[PDB]
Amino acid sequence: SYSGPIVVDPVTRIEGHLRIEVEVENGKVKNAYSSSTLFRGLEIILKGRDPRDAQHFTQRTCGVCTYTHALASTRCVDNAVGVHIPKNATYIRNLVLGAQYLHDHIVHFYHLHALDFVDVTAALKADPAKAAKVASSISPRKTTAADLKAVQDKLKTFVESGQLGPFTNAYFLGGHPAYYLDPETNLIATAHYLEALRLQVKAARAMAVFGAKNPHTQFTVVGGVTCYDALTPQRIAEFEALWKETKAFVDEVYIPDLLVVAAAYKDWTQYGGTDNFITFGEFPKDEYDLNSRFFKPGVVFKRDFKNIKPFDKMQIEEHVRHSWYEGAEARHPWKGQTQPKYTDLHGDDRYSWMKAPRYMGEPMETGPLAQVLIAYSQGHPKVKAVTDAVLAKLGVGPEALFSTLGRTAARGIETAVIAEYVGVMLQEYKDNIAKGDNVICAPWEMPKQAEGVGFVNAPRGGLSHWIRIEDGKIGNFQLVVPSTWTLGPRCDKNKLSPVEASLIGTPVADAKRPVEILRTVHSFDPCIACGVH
């Protein structure tokens, strides 16, 4: 078994620029470093600007989690100016966010994660008719032998060309000891990967119906939204049709594939666990009450879900001791500072452009596993029903969720729950219009001096934007992003971040093809442009 270093740089099939470094002994990871290797400095750029402009800049934090930062900045400035936006603005903003979750998670599972589990080339060895029978046994959607043969034939022509393209040098070429699927299952997954490339077009289009375009929506303003056309029956029906098709794909393709893959990789319940969880809640009825949200906020330490703690926004501090910034001060984001000072890898004990957020001094996982586990523990009935069904189908107990497999499963669970809830929000929105409420934006006035905060639970977890308005301008604007929490470095107490801690114990069968490291890293759905900004 291998002893020595492994460096993965670039980590592909994520958003942004990540270097993972591990130390391996006797075939298992004994130490890990999460190094984010691009800085842009959006917080520096925002200083002195008009608060109304912030959302346009901060949306460009990330185009994978597009919209989310526009929404967080708009919630932040809404909050700073004290505006209570109209009910329809909350509905429209919430609907676009729900659509973002569906698009993001579908693309993550297929186009970012699945190549860690699926040997696409092995699909060429499959019997398509047998594969179709398997697919049809796991989903209410019937899959035909002929449709899987069409996929296989197309792939054969592609591979036989010798130009493997995105599969060049894949860890699965020739087989790999950590890749377990049979040819038939590889063909099903490959077919659904290709199907998802077209389905995601529809899922993204749903956002543009109300939100102008995807990527980078353009319909939010302080005080509400701008899209009068979103009130029309025609636009609503267009959104509804796209949503229905997307939901059908979630329920009939994504979730069955996730469960088949999880069942084949049940050993992955034993790696990639973490201790502490934070979540901000999402889909409000009341923009000034996080506990009015469909998912509620919460904090859990040391897997103690019987004693969920209230989220206290004043207990967030961002460390820089192991980051490429000046000094070692941990700051609350309303007193944040972004002072670059590069020292190279491990120079002065620093190794990342991400800050290290800590909550009461502790490293916190955020994202789908946090949202799902905390909501379950709060008695959320939809989360409980779906989670319990998944555990029963896999034949595992709840402890299995504290793992790379569990995290991957939670992403699907949240997708299924949100897909359903989008229909509920849509009906409430329709009902509100039917009662005569056609208002979408409220007037407001800029204070010369104010503080605000906006909270979004994005597809990767708890996002917060923090403004200090001084002389009517941006005095300070700080982003604390989900991947900052999850993939940031160590803090001044030397505590490993969630991704770093999760990697300890990972087995590595072939150090030249370290897919096990990728499985766990990818399970967090890293977003490095998000994490660093």
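Just count from 1 along the sequence shown to find any residue number.
Exercise for the section: Select between 175 to 183 and 137 to 145 the stretch whose C-alpha atoms have the higher average B-factor in the entry. Expected result: Higher of the two, by average CA B-factor, is 137 to 145.
Practice task
Report the stretch with the higher mean CA temperature factor, choosing between 81 to 89 and 209 to 217 on the basis of the entry.
Solution key: For C-alpha atoms only, the mean B-factor is higher in 81 to 89.
Problem - Out of 63, 27, 498, 41, highest CA B-factor residue - result: Highest C-alpha B-factor among the listed residues goes to 27.
Exercise for the section: Sort 381, 462, 412, 272 by C-alpha B-factor from the entry and give me just the highest. Expected result: Within the set 381, 462, 412, 272, 381 shows the top C-alpha B-factor.
Problem - Within-chain third of residue 320 by Cα B-factor, per the entry - result: It falls in the bottom third of the chain.
Handout entry: Cα B factor band for residue 266 (lowest, middle or highest third within the chain)
Key = Answer is highest: the recorded C-alpha B-factor places it there.
Handout entry: Within-chain third of residue 490 by Cα B-factor, per the entry
Key = Lowest third of the chain for residue 490's C-alpha B-factor.
Practice task
Ordered by C-alpha B-factor within the chain, which third holds residue 517? Give me lowest, middle or highest, please.
Solution key: Middle third, going by the recorded CA B-factors of the chain.
Practice task
Taking the values exactly as deposited, rank residue 15 by C-alpha B-factor within its chain and report the matching third: lowest, middle or highest.
Solution key: It falls in the bottom third of the chain.
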